[PDB]
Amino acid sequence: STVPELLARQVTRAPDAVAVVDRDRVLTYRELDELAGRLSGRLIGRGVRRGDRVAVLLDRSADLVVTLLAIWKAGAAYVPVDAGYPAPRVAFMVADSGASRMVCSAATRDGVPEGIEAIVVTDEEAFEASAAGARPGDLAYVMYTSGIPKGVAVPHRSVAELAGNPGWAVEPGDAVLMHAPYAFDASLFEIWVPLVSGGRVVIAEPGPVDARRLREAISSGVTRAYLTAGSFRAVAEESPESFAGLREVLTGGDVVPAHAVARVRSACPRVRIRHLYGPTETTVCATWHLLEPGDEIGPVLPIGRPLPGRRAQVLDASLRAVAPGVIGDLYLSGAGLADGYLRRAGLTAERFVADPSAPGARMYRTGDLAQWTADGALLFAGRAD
């Protein structure tokens, strides 16, 4: 599948439902589709062809969501660039990624590198609305991860498996706060999961989301919010009551201590707390651990169990599966794998290796250590290095 295909079901089912809320701007599902179609038409009219990469340099806004969807409708993959990156980093990402065109706003126009076509999203053009259509094997985005940043090339099929996963449990009444950089793959949960579920994406006001802005967002109707491990830890120790009123808070990335989760649960008994784990190479997250309302976290916070449609293996130095309670190398397989690393076939072939448990399939070597619990959860045991 593809996220546009999943998105199309929600546009058909409830076209007048709210899809994106920006400060004074509210876009319904039908309105979002029409805007993306017009910008896609512009891209097709400029010579954009299937598989092309289009860079994106925008601040979070309704225009951002439209741009990513428009690139997909034109058959191309978006290369997200954070407007706050230094110019040499921006220049490197554009050049390494093979993007020949770059969508920007008036405010970001000066960040487009020289020699790269700038496409100003608020400019009109004559081209009719037209869409080539996303396809599951075509590329969906290239996200850079670091010494030097490398581009992880992710196909539509992997993005849709993540975004459409039933485990997210996002429903039409949900409202998800969007504040993560769209250059990072936490934005795939904040943008695409609600849109494939019928919910609304709520663009956070400019600046970092602090506890106060979180409380205010909750008062305005936000029901789910992802925070980086650092942000979750800060708010949990200083103002854990700020999560009150959320249906679910999510966190992951860097290490999260069990103590932080226990503090939140004590202040907010009804809040679901979800720990996410995974690399960009496996689309946002491959495993997760969910603390239900009223439940108390143990002394250790697991990275949890594989998402539906995924598999994990813990292998020793001989590539043999270990028994529970044995620390080994963590490998991720099943749904959500990237195609590989752009321009780096050797790196792809050493990180994305043959999977002995699935014929012809690959697994991603996380470089992390883990052990199984007796009942099939995973505990982090540090990086192999």
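Don't overthink the numbering: it's just position in the shown sequence, from 1.
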| query | From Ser146 on to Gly147, does the model leave out none, 1 to 3, 4 to 9, or 10 or more residues of the deposited sequence? | reply | 1 to 3
| task | With reference to the PDB entry, specify whether the mean Cα temperature factor is higher for 148 to 156 or for 122 to 130. | result | 122 to 130
| task | Look up the CA B-factors in the entry and say which stretch, 365 to 373 or 17 to 25, has the higher mean. | result | 17 to 25
| If you check the C-alpha B-factor for each of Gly167, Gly309, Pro208, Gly98 in the entry, which is highest? | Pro208
| Among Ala317, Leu35, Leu69, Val56, which carries the highest Cα B-factor? | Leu35
| note | In terms of its chain's C-alpha B-factors, the third that includes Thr348 is the lowest
| task | State the tercile, meaning the lowest, middle or highest third, of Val65 with respect to the CA B-factors recorded for its chain. | result | middle
| message | Among the modelled residues of this chain, does the Cα B factor of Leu330 put it in the lowest, middle or highest third? | response | lowest
| query | Taking the entry's C-alpha B-factors for this chain, is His259 in the lowest, middle or highest third? | reply | middle
| remark: Here the Cα B-factor of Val3, set against its chain, lands in the third termed middle
